[PDB]
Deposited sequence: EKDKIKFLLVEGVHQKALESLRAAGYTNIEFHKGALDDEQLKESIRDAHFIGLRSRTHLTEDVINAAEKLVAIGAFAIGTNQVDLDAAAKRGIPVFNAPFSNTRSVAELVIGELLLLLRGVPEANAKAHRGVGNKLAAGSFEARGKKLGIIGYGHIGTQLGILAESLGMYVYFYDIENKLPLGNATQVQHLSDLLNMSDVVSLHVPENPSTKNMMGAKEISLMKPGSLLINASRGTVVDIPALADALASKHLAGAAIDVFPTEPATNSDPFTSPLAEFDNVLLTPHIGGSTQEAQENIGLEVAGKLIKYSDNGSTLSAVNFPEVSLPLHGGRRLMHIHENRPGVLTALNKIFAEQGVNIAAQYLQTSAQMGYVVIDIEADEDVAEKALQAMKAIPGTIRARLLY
């Protein structure tokens, strides 16, 4: 929304990212197919309002402090280990990544794994390669644990394969297609011919699939954990495979070493069709942060976003010290200006707040100046 806002994109992010940026009115783009050298990065990033990078660019504390106009960082990938998160945060610079771009990919893999495991293909294949010398998926029940981005897309594909889909989730969800939410996990485990996990990594899920749960699964069933974490007690999984209670499994990958001996287990390890989704996803985050201040899904920043309801919108980033918010609201109160919406979120170190006001530019601009002055302020900006 201004050709003065410079976007520096390196390591060759997908073209759709550029298409998205231009459609939103941001055409001041410096593009690079490969990584920049230290000296090249420093001079290109110096006046960049935004930088988009992948895995090879190292955004160290020094490079960041060197950038004098940096507003936000877009990690066009899932990982952000190449970016110094804390350094960016201290300067009020959010880092966005692409957390859901691999959704479809994981769903397809699960389908491929269950189809072959159900037929005992992995074991037959390993023996064939050594010189040594089974059911249809349709009509079978798939039990999905975690019915979110991946869980829902998987259920859709499973139904297309003629499977009956059931899911367990700690939250009530709207079923897509003929899927059925099962309230008790043990009930899901009992019915399921195939069980697939798609939950996040947290105390709630730590070893949720232990000896007991695996014991609850149907005799001859399959356990899939296509996306890597710590949700499955590997030793317990190994015992159930050795005992043959489970006819096979697929686990994302030592730690899985106990499974290496099993021919009926599939062990599987940002360079494919993911680039388009990533380009669209991350450019979108940069665009929205620029236009409306949304930090939803930022990885090193308090998360906030507010619907577009007209009026003027300002944003304030500050060290989380008592008195800042009081100073902020005072600016509008002592002036009789009304606040239509306000959303503040904090961390131990920082506080981020977006405010919608009913006023004209003059007042808005004036308010912005006062805001920047408030002690503890890191950055302040008038969004519209």
*So which bits of the deposited chain never got modelled?*
134 to 139, 260 to 269, 286 to 289
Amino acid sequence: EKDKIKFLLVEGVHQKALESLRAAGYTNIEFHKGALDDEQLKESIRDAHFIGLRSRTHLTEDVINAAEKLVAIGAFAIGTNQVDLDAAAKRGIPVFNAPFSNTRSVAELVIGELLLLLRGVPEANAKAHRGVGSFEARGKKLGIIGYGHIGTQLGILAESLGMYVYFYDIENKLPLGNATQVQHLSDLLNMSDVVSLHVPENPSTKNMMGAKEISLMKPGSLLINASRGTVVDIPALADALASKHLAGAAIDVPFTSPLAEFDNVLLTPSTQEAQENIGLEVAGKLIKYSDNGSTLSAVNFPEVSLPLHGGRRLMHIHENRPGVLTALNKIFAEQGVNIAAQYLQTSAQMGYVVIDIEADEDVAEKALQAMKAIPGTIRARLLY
From here on, numbers count along this sequence of modelled residues.
*State which stretch shows the higher mean Cα B factor in the entry: 240 to 248 or 224 to 232.*
224 to 232
_Higher-B stretch (mean Cα B-factor, as the entry records it), 46 to 54 or 332 to 340_ = 332 to 340
*Between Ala348, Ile317, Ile355, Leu70, which carries the biggest CA temperature factor in the record?*
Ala348
*asked:* Ranking every modelled residue in this chain by its Cα temperature factor as given in the entry, which third contains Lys206?
replied: highest
*Compare the C-alpha B factor of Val10 with those of the other modelled residues in its chain, then answer lowest, middle or highest third.*
middle
*Hey, what third does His129 fall into on Cα B-factor, ranked over its chain?*
highest
_Ranking the modelled residues of this chain by C-alpha B-factor as given in the entry, is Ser270 in the lowest, middle or highest third?_
highest
*If you rank the chain by CA B-factor, which third does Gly146 end up in: lowest, middle or highest?*
lowest
